[PDB]
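**Student:** See run19.txt below, with compact mmCIF, N, CA, C and O atoms.
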# COMPACT_ATOMS: atom_id res chain seq x y z
N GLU A 51 -48.24 103.49 -77.00
CA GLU A 51 -47.05 102.98 -76.33
C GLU A 51 -45.99 102.70 -77.38
O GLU A 51 -46.31 102.38 -78.53
N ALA A 52 -44.72 102.84 -76.99
CA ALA A 52 -43.62 102.62 -77.92
C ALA A 52 -42.44 102.02 -77.16
O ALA A 52 -42.36 102.10 -75.94
N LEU A 53 -41.54 101.42 -77.92
CA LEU A 53 -40.31 100.90 -77.35
C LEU A 53 -39.38 102.04 -76.96
O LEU A 53 -39.46 103.15 -77.49
N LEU A 54 -38.49 101.75 -76.02
CA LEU A 54 -37.49 102.71 -75.58
C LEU A 54 -36.08 102.29 -76.00
O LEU A 54 -35.27 103.15 -76.36
N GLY A 55 -35.78 101.00 -75.96
CA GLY A 55 -34.48 100.53 -76.41
C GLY A 55 -34.48 99.03 -76.59
O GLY A 55 -35.28 98.31 -76.00
N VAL A 56 -33.56 98.57 -77.44
CA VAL A 56 -33.30 97.15 -77.64
C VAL A 56 -31.82 96.91 -77.41
O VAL A 56 -30.98 97.46 -78.14
N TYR A 57 -31.49 96.09 -76.42
CA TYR A 57 -30.12 95.93 -75.94
C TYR A 57 -29.74 94.46 -75.97
O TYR A 57 -30.54 93.62 -75.56
N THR A 58 -28.54 94.15 -76.44
CA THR A 58 -28.03 92.78 -76.40
C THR A 58 -26.58 92.80 -75.92
O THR A 58 -26.00 93.85 -75.66
N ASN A 59 -26.01 91.60 -75.82
CA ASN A 59 -24.63 91.43 -75.40
C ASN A 59 -23.70 91.41 -76.60
O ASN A 59 -24.10 91.10 -77.73
N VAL A 60 -22.45 91.74 -76.34
CA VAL A 60 -21.33 91.38 -77.21
C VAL A 60 -20.49 90.40 -76.42
O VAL A 60 -20.04 90.72 -75.31
N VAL A 61 -20.29 89.20 -76.97
CA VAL A 61 -19.66 88.13 -76.21
C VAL A 61 -18.18 88.43 -76.02
O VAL A 61 -17.45 88.68 -76.98
N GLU A 62 -17.75 88.45 -74.76
CA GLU A 62 -16.37 88.73 -74.42
C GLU A 62 -15.47 87.60 -74.91
O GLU A 62 -15.55 86.48 -74.40
N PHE A 63 -14.63 87.90 -75.89
CA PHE A 63 -13.77 86.91 -76.52
C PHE A 63 -12.44 86.87 -75.78
O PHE A 63 -11.64 87.81 -75.88
N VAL A 64 -12.21 85.80 -75.04
CA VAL A 64 -10.97 85.61 -74.29
C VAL A 64 -10.29 84.37 -74.84
O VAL A 64 -10.81 83.26 -74.70
N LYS A 65 -9.13 84.56 -75.46
CA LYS A 65 -8.41 83.45 -76.05
C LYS A 65 -7.37 82.91 -75.08
O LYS A 65 -7.23 83.40 -73.95
N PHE A 66 -6.66 81.87 -75.52
CA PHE A 66 -5.72 81.18 -74.64
C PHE A 66 -4.47 82.01 -74.40
O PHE A 66 -3.98 82.10 -73.27
N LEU A 67 -3.94 82.62 -75.45
CA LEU A 67 -2.61 83.19 -75.38
C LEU A 67 -2.60 84.56 -74.72
O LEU A 67 -1.52 85.07 -74.39
N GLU A 68 -3.77 85.17 -74.51
CA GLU A 68 -3.81 86.45 -73.81
C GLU A 68 -3.83 86.26 -72.30
O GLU A 68 -3.43 87.15 -71.54
N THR A 69 -4.31 85.11 -71.83
CA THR A 69 -4.31 84.81 -70.41
C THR A 69 -2.89 84.49 -69.94
O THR A 69 -2.02 84.13 -70.73
N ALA A 70 -2.68 84.63 -68.63
CA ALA A 70 -1.37 84.36 -68.04
C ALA A 70 -1.12 82.87 -67.86
O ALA A 70 -0.01 82.50 -67.46
N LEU A 71 -2.11 82.03 -68.15
CA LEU A 71 -1.97 80.59 -67.98
C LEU A 71 -0.94 80.00 -68.94
O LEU A 71 -0.37 78.94 -68.67
N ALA A 72 -0.66 80.68 -70.06
CA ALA A 72 0.37 80.22 -70.98
C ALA A 72 1.79 80.42 -70.45
O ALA A 72 2.74 80.02 -71.12
N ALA A 73 1.96 81.04 -69.28
CA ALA A 73 3.24 80.97 -68.61
C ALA A 73 3.53 79.57 -68.09
O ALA A 73 4.70 79.24 -67.89
N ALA A 74 2.52 78.75 -67.89
CA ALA A 74 2.71 77.37 -67.48
C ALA A 74 2.79 76.41 -68.66
O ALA A 74 2.84 75.20 -68.45
N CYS A 75 2.80 76.93 -69.88
CA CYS A 75 2.79 76.08 -71.06
C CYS A 75 3.75 76.61 -72.12
O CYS A 75 4.27 77.73 -72.02
N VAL A 76 3.97 75.78 -73.12
CA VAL A 76 4.77 76.11 -74.30
C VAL A 76 3.95 75.74 -75.52
O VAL A 76 3.60 74.57 -75.72
N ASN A 77 3.65 76.73 -76.36
CA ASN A 77 2.60 76.59 -77.36
C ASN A 77 3.22 76.48 -78.74
O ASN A 77 3.96 77.37 -79.16
N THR A 78 2.91 75.38 -79.44
CA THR A 78 3.35 75.17 -80.81
C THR A 78 2.14 74.86 -81.67
O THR A 78 1.32 74.01 -81.32
N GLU A 79 2.02 75.56 -82.79
CA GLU A 79 0.96 75.28 -83.75
C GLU A 79 1.42 74.16 -84.67
O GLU A 79 2.47 74.26 -85.31
N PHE A 80 0.64 73.09 -84.74
CA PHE A 80 1.02 71.88 -85.46
C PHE A 80 -0.07 71.62 -86.48
O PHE A 80 -1.22 71.39 -86.11
N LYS A 81 0.29 71.69 -87.76
CA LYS A 81 -0.67 71.70 -88.86
C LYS A 81 -1.50 70.43 -88.99
O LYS A 81 -2.73 70.51 -89.13
N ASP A 82 -0.87 69.28 -88.97
CA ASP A 82 -1.56 68.02 -89.21
C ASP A 82 -1.31 67.05 -88.06
O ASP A 82 -0.47 66.15 -88.14
N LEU A 83 -2.10 67.22 -87.00
CA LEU A 83 -2.10 66.35 -85.84
C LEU A 83 -3.09 65.22 -86.03
O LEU A 83 -3.19 64.32 -85.19
N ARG A 84 -3.82 65.26 -87.13
CA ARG A 84 -4.63 64.15 -87.59
C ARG A 84 -3.76 63.02 -88.12
O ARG A 84 -4.18 61.85 -88.11
N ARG A 85 -2.55 63.33 -88.57
CA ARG A 85 -1.68 62.31 -89.14
C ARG A 85 -0.81 61.63 -88.09
O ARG A 85 -0.33 60.53 -88.32
N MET A 86 -0.56 62.29 -86.96
CA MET A 86 0.38 61.77 -85.98
C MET A 86 -0.19 60.55 -85.26
O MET A 86 -1.34 60.53 -84.85
N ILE A 87 0.65 59.52 -85.13
CA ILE A 87 0.32 58.37 -84.29
C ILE A 87 0.74 58.67 -82.86
O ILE A 87 -0.09 58.62 -81.94
N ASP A 88 2.01 59.00 -82.66
CA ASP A 88 2.60 59.11 -81.33
C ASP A 88 3.55 60.28 -81.23
O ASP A 88 4.05 60.78 -82.24
N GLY A 89 3.80 60.71 -80.01
CA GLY A 89 4.88 61.63 -79.74
C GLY A 89 5.94 61.00 -78.87
O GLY A 89 5.75 59.96 -78.26
N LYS A 90 7.10 61.65 -78.81
CA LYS A 90 8.22 61.07 -78.10
C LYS A 90 9.16 62.17 -77.65
O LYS A 90 9.52 63.05 -78.43
N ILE A 91 9.56 62.09 -76.38
CA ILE A 91 10.68 62.84 -75.85
C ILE A 91 11.55 61.90 -75.03
O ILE A 91 11.07 61.19 -74.14
N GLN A 92 12.83 61.90 -75.35
CA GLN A 92 13.78 60.89 -74.93
C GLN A 92 14.81 61.58 -74.05
O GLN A 92 15.55 62.44 -74.53
N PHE A 93 14.84 61.23 -72.77
CA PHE A 93 15.83 61.77 -71.85
C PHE A 93 16.96 60.77 -71.69
O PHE A 93 16.77 59.57 -71.88
N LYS A 94 18.14 61.27 -71.33
CA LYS A 94 19.28 60.42 -71.02
C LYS A 94 20.03 61.06 -69.87
O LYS A 94 20.78 62.02 -70.07
N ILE A 95 19.83 60.53 -68.67
CA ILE A 95 20.29 61.15 -67.44
C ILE A 95 21.55 60.41 -67.01
O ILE A 95 21.50 59.24 -66.62
N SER A 96 22.69 61.10 -67.06
CA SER A 96 23.96 60.53 -66.64
C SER A 96 24.27 60.98 -65.22
O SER A 96 24.39 62.18 -64.96
N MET A 97 24.39 60.02 -64.31
CA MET A 97 24.50 60.28 -62.87
C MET A 97 25.93 60.10 -62.39
O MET A 97 26.49 58.99 -62.49
N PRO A 98 26.55 61.14 -61.84
CA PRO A 98 27.92 61.00 -61.35
C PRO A 98 27.93 60.41 -59.95
O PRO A 98 26.93 60.45 -59.24
N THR A 99 29.08 59.86 -59.56
CA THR A 99 29.25 59.28 -58.23
C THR A 99 30.52 59.82 -57.58
O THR A 99 31.44 60.27 -58.26
N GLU B 51 4.54 58.74 -87.02
CA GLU B 51 4.72 59.03 -85.61
C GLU B 51 5.98 59.88 -85.46
O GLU B 51 6.95 59.72 -86.19
N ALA B 52 5.94 60.81 -84.51
CA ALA B 52 6.95 61.85 -84.44
C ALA B 52 8.04 61.50 -83.44
O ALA B 52 7.99 60.49 -82.74
N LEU B 53 9.05 62.37 -83.39
CA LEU B 53 10.09 62.37 -82.38
C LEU B 53 10.32 63.83 -82.01
O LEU B 53 11.06 64.54 -82.70
N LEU B 54 9.68 64.27 -80.94
CA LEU B 54 9.47 65.70 -80.71
C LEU B 54 10.58 66.37 -79.92
O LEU B 54 10.57 67.59 -79.79
N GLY B 55 11.53 65.62 -79.38
CA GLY B 55 12.60 66.23 -78.63
C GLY B 55 13.49 65.17 -78.03
O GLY B 55 13.06 64.04 -77.76
N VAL B 56 14.74 65.54 -77.83
CA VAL B 56 15.80 64.65 -77.37
C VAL B 56 16.73 65.47 -76.48
O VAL B 56 17.35 66.43 -76.94
N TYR B 57 16.80 65.11 -75.19
CA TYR B 57 17.45 65.97 -74.19
C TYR B 57 18.31 65.16 -73.23
O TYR B 57 18.13 63.95 -73.11
N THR B 58 19.23 65.84 -72.52
CA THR B 58 20.24 65.21 -71.66
C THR B 58 20.90 66.20 -70.71
O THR B 58 21.29 67.30 -71.12
N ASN B 59 21.02 65.79 -69.45
CA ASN B 59 21.76 66.53 -68.43
C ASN B 59 23.25 66.63 -68.77
O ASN B 59 23.87 65.67 -69.20
N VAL B 60 23.82 67.80 -68.50
CA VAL B 60 25.27 68.00 -68.48
C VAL B 60 25.67 68.34 -67.05
O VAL B 60 25.20 69.34 -66.49
N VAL B 61 26.55 67.52 -66.48
CA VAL B 61 26.94 67.65 -65.08
C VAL B 61 28.14 68.57 -64.98
O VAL B 61 29.20 68.29 -65.54
N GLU B 62 27.98 69.68 -64.27
CA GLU B 62 29.08 70.57 -63.94
C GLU B 62 29.27 70.53 -62.43
O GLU B 62 28.29 70.50 -61.69
N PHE B 63 30.52 70.52 -61.99
CA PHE B 63 30.84 70.50 -60.57
C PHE B 63 31.80 71.63 -60.24
O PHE B 63 32.78 71.85 -60.96
N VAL B 64 31.50 72.34 -59.15
CA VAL B 64 32.42 73.32 -58.58
C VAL B 64 33.52 72.55 -57.85
O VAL B 64 33.24 71.87 -56.86
N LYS B 65 34.76 72.68 -58.31
CA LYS B 65 35.87 71.90 -57.76
C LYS B 65 36.25 72.41 -56.37
O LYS B 65 35.62 73.31 -55.81
N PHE B 66 37.32 71.83 -55.82
CA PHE B 66 37.61 72.02 -54.40
C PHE B 66 38.12 73.42 -54.10
O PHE B 66 37.68 74.05 -53.13
N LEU B 67 39.04 73.93 -54.92
CA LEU B 67 39.66 75.23 -54.67
C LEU B 67 38.73 76.40 -54.94
O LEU B 67 39.13 77.55 -54.69
N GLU B 68 37.53 76.16 -55.45
CA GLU B 68 36.55 77.21 -55.70
C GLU B 68 35.42 77.23 -54.68
O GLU B 68 34.64 78.18 -54.67
N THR B 69 35.31 76.21 -53.84
CA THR B 69 34.35 76.23 -52.75
C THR B 69 34.86 77.12 -51.63
O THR B 69 36.03 77.51 -51.59
N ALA B 70 33.97 77.42 -50.69
CA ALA B 70 34.36 78.18 -49.51
C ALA B 70 34.99 77.30 -48.44
O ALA B 70 35.39 77.83 -47.40
N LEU B 71 35.07 75.99 -48.67
CA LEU B 71 35.66 75.10 -47.68
C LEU B 71 37.17 75.27 -47.61
O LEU B 71 37.78 74.97 -46.58
N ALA B 72 37.79 75.79 -48.68
CA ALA B 72 39.23 76.04 -48.67
C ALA B 72 39.62 77.26 -47.84
O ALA B 72 40.81 77.55 -47.72
N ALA B 73 38.66 77.99 -47.28
CA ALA B 73 38.95 78.99 -46.27
C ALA B 73 39.32 78.39 -44.93
O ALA B 73 39.78 79.12 -44.05
N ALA B 74 39.13 77.09 -44.74
CA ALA B 74 39.46 76.40 -43.50
C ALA B 74 40.54 75.35 -43.69
O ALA B 74 40.67 74.45 -42.87
N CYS B 75 41.32 75.45 -44.77
CA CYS B 75 42.44 74.54 -44.99
C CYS B 75 43.44 75.21 -45.91
O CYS B 75 43.09 76.12 -46.67
N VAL B 76 44.69 74.77 -45.82
CA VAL B 76 45.77 75.25 -46.67
C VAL B 76 46.12 74.16 -47.67
O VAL B 76 46.31 73.00 -47.28
N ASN B 77 46.19 74.50 -48.95
CA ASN B 77 46.34 73.52 -50.01
C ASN B 77 47.69 73.69 -50.69
O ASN B 77 47.95 74.72 -51.32
N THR B 78 48.55 72.69 -50.55
CA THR B 78 49.89 72.67 -51.15
C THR B 78 50.02 71.37 -51.94
O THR B 78 50.49 70.36 -51.41
N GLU B 79 49.62 71.41 -53.20
CA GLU B 79 49.59 70.21 -54.03
C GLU B 79 51.01 69.78 -54.40
O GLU B 79 51.80 70.57 -54.92
N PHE B 80 51.31 68.51 -54.15
CA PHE B 80 52.64 67.95 -54.32
C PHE B 80 52.68 67.11 -55.59
O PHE B 80 51.64 66.71 -56.12
N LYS B 81 53.89 66.85 -56.09
CA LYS B 81 54.06 66.23 -57.40
C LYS B 81 53.75 64.73 -57.36
O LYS B 81 53.01 64.22 -58.20
N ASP B 82 54.32 64.00 -56.40
CA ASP B 82 53.95 62.59 -56.21
C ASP B 82 54.03 62.25 -54.73
O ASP B 82 55.12 62.08 -54.17
N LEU B 83 52.86 62.15 -54.10
CA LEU B 83 52.78 61.91 -52.66
C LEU B 83 53.20 60.50 -52.28
O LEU B 83 53.47 60.24 -51.10
N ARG B 84 53.31 59.59 -53.26
CA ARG B 84 53.79 58.24 -53.02
C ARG B 84 55.26 58.18 -52.62
O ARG B 84 55.71 57.13 -52.15
N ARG B 85 56.01 59.28 -52.78
CA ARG B 85 57.43 59.28 -52.47
C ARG B 85 57.69 59.16 -50.98
O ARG B 85 58.47 58.30 -50.54
N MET B 86 57.05 60.00 -50.17
CA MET B 86 57.22 59.97 -48.73
C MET B 86 56.14 59.11 -48.09
O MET B 86 54.98 59.12 -48.52
N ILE B 87 56.54 58.32 -47.09
CA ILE B 87 55.63 57.39 -46.44
C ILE B 87 54.87 58.11 -45.32
O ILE B 87 53.64 58.22 -45.36
N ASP B 88 55.61 58.60 -44.33
CA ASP B 88 55.02 59.24 -43.17
C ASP B 88 55.69 60.58 -42.93
O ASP B 88 56.92 60.69 -42.95
N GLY B 89 54.87 61.60 -42.69
CA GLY B 89 55.34 62.88 -42.22
C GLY B 89 55.38 62.87 -40.70
O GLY B 89 54.43 62.44 -40.06
N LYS B 90 56.51 63.31 -40.16
CA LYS B 90 56.75 63.27 -38.72
C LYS B 90 57.35 64.60 -38.26
O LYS B 90 58.41 64.64 -37.63
N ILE B 91 56.70 65.70 -38.63
CA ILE B 91 57.21 67.03 -38.32
C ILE B 91 57.09 67.27 -36.82
O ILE B 91 56.04 67.04 -36.22
N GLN B 92 58.19 67.69 -36.20
CA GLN B 92 58.31 67.88 -34.76
C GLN B 92 58.43 69.37 -34.45
O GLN B 92 59.21 70.07 -35.09
N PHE B 93 57.66 69.84 -33.47
CA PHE B 93 57.63 71.24 -33.09
C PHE B 93 58.10 71.43 -31.66
O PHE B 93 57.72 70.67 -30.77
N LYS B 94 58.93 72.45 -31.44
CA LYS B 94 59.38 72.85 -30.11
C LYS B 94 58.61 74.10 -29.72
O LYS B 94 58.93 75.20 -30.18
N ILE B 95 57.60 73.95 -28.86
CA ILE B 95 56.70 75.03 -28.50
C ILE B 95 57.04 75.49 -27.09
O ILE B 95 57.08 74.68 -26.15
N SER B 96 57.28 76.79 -26.93
CA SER B 96 57.72 77.37 -25.67
C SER B 96 56.74 78.44 -25.20
O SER B 96 56.50 79.43 -25.89
N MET B 97 56.19 78.23 -23.98
CA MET B 97 55.23 79.10 -23.32
C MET B 97 55.93 80.23 -22.57
O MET B 97 57.08 80.08 -22.15
N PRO B 98 55.27 81.37 -22.40
CA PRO B 98 55.81 82.42 -21.53
C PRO B 98 55.30 82.27 -20.10
O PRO B 98 54.31 81.59 -19.83
N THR B 99 56.01 82.93 -19.18
CA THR B 99 55.68 82.87 -17.76
C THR B 99 55.57 84.27 -17.19
O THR B 99 56.06 85.24 -17.77
Would it be possible to restate this file's structure as structure tokens?
**Tutor:**
Amino acid sequence: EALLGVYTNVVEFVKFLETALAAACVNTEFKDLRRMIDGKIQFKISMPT
Amino acid sequence: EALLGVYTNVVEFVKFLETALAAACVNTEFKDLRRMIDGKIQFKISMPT
């Protein structure tokens, strides 16, 4: 008796930026997020009457 | 700690003479409307028989 074949998988590598889900996001690579304490975005909405 | 963005609305308005509402009115801008108190224009309208 003898073997006929040995078969395995190749893991399908699907990253974030190839998917269409990044249409709902804005992606920035940030080198040292270990150093950051806080983030901030400041709006100023002027309302006419 | 960071400051990642700073944003603000700018209000633009379509004025009166650019709307479609001026298709239902005639606009004759006067220099100082405080001069005349009351307009009392009288019309003589004659029907046919």
**Student:** Counting only C-alpha atoms, which residues from chain B have an atom at most 7 Å from any atom of chain A, and could you show them as a count of residues only?
**Tutor:** 9
**Student:** Pairing every Cα of chain B with chain A in order, what RMSD remains after the least-squares superposition?
**Tutor:**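 The root-mean-square deviation of C-alpha positions is 1.2 Å.
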**Student:** Mind the document's chain letters and residue numbers, and return as a list in words the residues of chain B that DSSP labels strand (DSSP E).
**Tutor:**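 Going through chain B, the strand (DSSP E) residues come out as residues 55, 56, 57 and 58 of chain B.
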**Student:** What does the structure give for the distance between atom CA of residue 66 of chain A and atom CA of residue 83 of chain A, in Å to one decimal?
**Tutor:**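 Separating atom CA of residue 66 of chain A from atom CA of residue 83 of chain A is a distance of 18.9 Å.
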**Student:** When you draw a straight line from atom CA of residue 63 of chain B to atom CA of residue 99 of chain A, how long is it in Å?
**Tutor:** 11.6 Å
**Student:** Could you tell me how far atom O of residue 80 of chain A lies from atom N of residue 61 of chain A, in Å and to one decimal?
**Tutor:**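 A separation of 27.6 Å between them.
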**Student:** With 8 Å on each side, where is the centre of the axis-aligned box around all listed atoms of segment 84-95 of chain B, and how long are its edges in Å to one decimal, as JSON?
**Tutor:**
{"center_x": 56.3, "center_y": 66.3, "center_z": -39.7, "size_x": 22.1, "size_y": 34.4, "size_z": 43.1}
